[PDB]
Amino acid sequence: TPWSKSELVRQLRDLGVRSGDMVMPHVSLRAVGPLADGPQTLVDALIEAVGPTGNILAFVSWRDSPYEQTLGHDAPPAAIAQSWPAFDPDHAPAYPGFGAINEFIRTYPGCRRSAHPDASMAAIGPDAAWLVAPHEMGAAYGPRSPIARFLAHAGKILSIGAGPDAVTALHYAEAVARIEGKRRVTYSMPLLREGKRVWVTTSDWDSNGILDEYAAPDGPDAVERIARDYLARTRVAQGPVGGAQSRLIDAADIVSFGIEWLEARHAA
């Protein structure tokens, strides 16, 4: 029988979500199983669980990010440059590959959306505007990004059937780790500025693997390795949300662990 909003809220409370919390979810809807009203049921449950003073932050990206089409070039290729849509935060759909729940989050009334087209973050709650801006090119997951502010805001990572590789906040640890050999990428995104499309080319840390040994397309990357080690070494509330094995992780603690993990393994 499909899970109801009330059942999910009670499960979230059992896992340790409290009114007023700042939560970043990573969801496998397949693991959760059927929901009374589809994915919206779990969105509504998350909002109820954090309450009217709580906040949700999600990494939603953009269905049409021209990442692969511009990667490695000093400017967008001519055909891309002429016809790609500018990123419009009000209308651009979320990227399906990071979870189908994210499009429901981003379209929720009052949701705010960050300006970085590839790293776009959506937030719901009283602190949403403060969470989502600034989000500049060159600051995808590191200092000055919404992730940085999430980590300063008592953030909790709510993994609902998701694997250790899903922990986006660990890209902050990669950004700040004092290690040699860090990989960077160059790409271009089409922004809206005063109603006009402006292409911006930037470099940033490689979010597909901070060192060569973490950058195999299949993984495992550093996020996955760090998170697997952390979860083997730390008390973390675990329990069901819907049909999904779930965990509620202190974000600052896992990111600090990840910085240490990288710096212990890689020369400065």
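All residue numbers refer to positions in the sequence shown, first residue = 1.
97 to 105 and 127 to 135 differ in mean CA B-factor, and the higher of the two is recorded for 97 to 105. Legend: mean Cα B-factor per stretch from the PDB entry, 68 to 76 versus 117 to 125; the higher mean is in 68 to 76.
The PDB entry assigns the greatest CA B-factor among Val176, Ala166, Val198, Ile147 to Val198. Within the listed group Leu170, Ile157, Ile160, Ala81, the record reports its top CA B-factor for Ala81. In the deposited entry, the Cα temperature factor of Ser246 sits in the middle third of values across the chain's modelled residues. For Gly51, the recorded CA B-factor ranks within the middle third of the chain. Only modelled residues enter the ranking. Among all modelled residues in its chain, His26 ranks in the lowest third by Cα B-factor. When the modelled residues of the chain are ordered by C-alpha B-factor, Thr234 sits in the middle third. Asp204: CA B factor lies in the lowest third for its chain, per the PDB record.
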